[PDB]
Structure formats: structure tokens, C-alpha cells
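Take a look at this single chain in C-alpha cells; it is the form deposited without the named molecule.
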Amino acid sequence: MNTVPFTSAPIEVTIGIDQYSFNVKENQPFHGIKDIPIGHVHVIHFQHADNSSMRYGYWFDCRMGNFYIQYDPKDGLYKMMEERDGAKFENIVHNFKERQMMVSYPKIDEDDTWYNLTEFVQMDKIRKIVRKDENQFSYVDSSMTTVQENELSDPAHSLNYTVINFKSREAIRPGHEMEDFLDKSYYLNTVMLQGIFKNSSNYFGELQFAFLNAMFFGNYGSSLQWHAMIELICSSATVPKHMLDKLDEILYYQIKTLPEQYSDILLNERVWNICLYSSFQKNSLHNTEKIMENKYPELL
């Protein structure tokens, strides 16, 4: 179990760690989050009390280094930083742990939610979508645009998700125009899986990361990517059986975790109705269809 200490909390802020959140008051003696499960990526995230504009946060994996949070009064945000002195940091954690100035990652033993949401998410792949190679952790916020959004403006602050475009030469083989547009199997299986992602685990990892950025930061381009990656599978007549079964589990836990009150903005009616009711895979997502019908029947 690992720890991210906090130097101080000088401004009032709602702090998230994965699917959990807690409010910290201005100058409250908060000094971090302990008992963080090893083996998964995590995200610590922030929304200031005075300006709910810009949710922002950091993806990290405690196996890769010792990370801590300190407020920068010049840039006006909580920043993640890596400490190389393993003794200086251990002294920081043990001292604050003795003073009980840390919240405990509040995982219920029965509860596999976070594993299920991050099963295929790897820090190494996050660091390629979010390019800042001098750090081992990755900053994301509400406003960051995707490479695809930019083509349609600062490159260094972009989300480099894999570009998916159903009306593109990449997606459509010359001479197979109608075939490839109505059945996206060659674009899914040859172009994307075999060519770009190499395997379904990396594809699902990017789909899962896009969803999490959509949910935790309201990142609109991430929501576009999540839906595009769903649609590309559902619109393919030929998908390996293991991928369809895994997709149903992935989406089930995403829909289960989504705040009920954000479905209006984070769920695209067209994609979901097409995916569950019209597409080739309309009968392959039983768990996802059942939760969607019972939790968001309005959208459908």
C-alpha cells in the first residue's frame, strides 16, 4: 500500500482519488492519501471551491516513483512532483502517518470497481497519449483538446488519442467503399488492431482511459474518443468473441459508475441507440443493454 503526501492544502478544494472524493477546507491540516492499492494506475484530481472551471488531475502508478502534491501559488494549482530522495519522502510519509493527517483510500474489500475500470489501462500507454516525458505521471484537465479536435491549438497540451474517422481513406479501402463503410471489420481488425494498437488489450486500455478522462474531467474530446471506439467495434460484423464479451464487461462497469446526473452530457444518444439496437453487435452486449435500459431508459 502506497502513499501520496500533500505539503499543505492552502486553498479549499474537492480532491478526488479514483472514484472517491472529499472536500478539504482552506488551510485545513490535510497531508495526503495513504493505503493506495498497488497494481493499478490511479488518478488524483482537483476542483477548486472558488472556480469549478477546470477540473484537473494526475495519472500515476506508485510503482514508478514516490509522488507528492504541493500547491503552487503562482500557477494557482495543486501540482504533482516526484521525490528522488527515498529517505526524505519516507520520513515525510511516516511523520504525517503518525500524526494521522492523511485520509485512507477507502476501498471496500468486496469492491472491484476500480480494477474493472482500469483493467487494460497502463501508465506507459497513458504517457504516450499525454506527452510530457520529464515526468512519470500525467496531467489532464477539462479543457485539453485532442489531436483530432485540433485538425478540425497548442500541440504540447494535446491528448494524442488514436485518430478514428469513418469517412477517411484509412477507414475505406479503394474499391470496397460500400463494404467497408457499412461493415467496419477491416478498419477494426486490420488497420486498428493488427496495425496500430497491436492487440485488443491496448485498444481497450485507450477506450477505458478516454472514458475516465470524460468522467473525471468532463473532457469533451475524450468522450468523443470513447464513443468512437465503441462505435467502431459495434459497427463491425466480424469481431473476436473474446473482445465482444470483454467489451460488454467494460461498458457495464463504465455505465454503472457514471453519475446519474451527468448522463445528459456524457452519453451520445445516437451512438448508444445504434450500438444496442441497430448494429451488428446489437445482441452481443447483454449486460450493458440491461444496465442502460434500467438506469437510462430516457436516452433510449
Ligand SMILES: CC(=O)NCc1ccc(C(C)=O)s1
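All residue numbers refer to positions in the sequence shown, first residue = 1.
Although it is not shown, the form solved in complex with the named molecule is what the next lines describe.
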Residue-level question: is residue 136 within 4.5 Å of the named molecule in the entry with it bound, judged on heavy atoms? no
With the partner left out of view, is residue 202 within 4.5 angstroms of the named molecule in the entry with it bound by any non-hydrogen atom? yes
Partner contact for residue 162 in the entry with it bound: the named molecule, 4.5 angstroms, heavy atom: yes
With a 4.5 Å heavy atom cut-off, would you call residue 191 a contact of the named molecule in the entry with it bound? no
Taking only heavy atoms into account, state which residues of 125-141 are within 4.5 Å of the named molecule in the entry with it bound, ordered by sequence. 125, 126, 128, 129
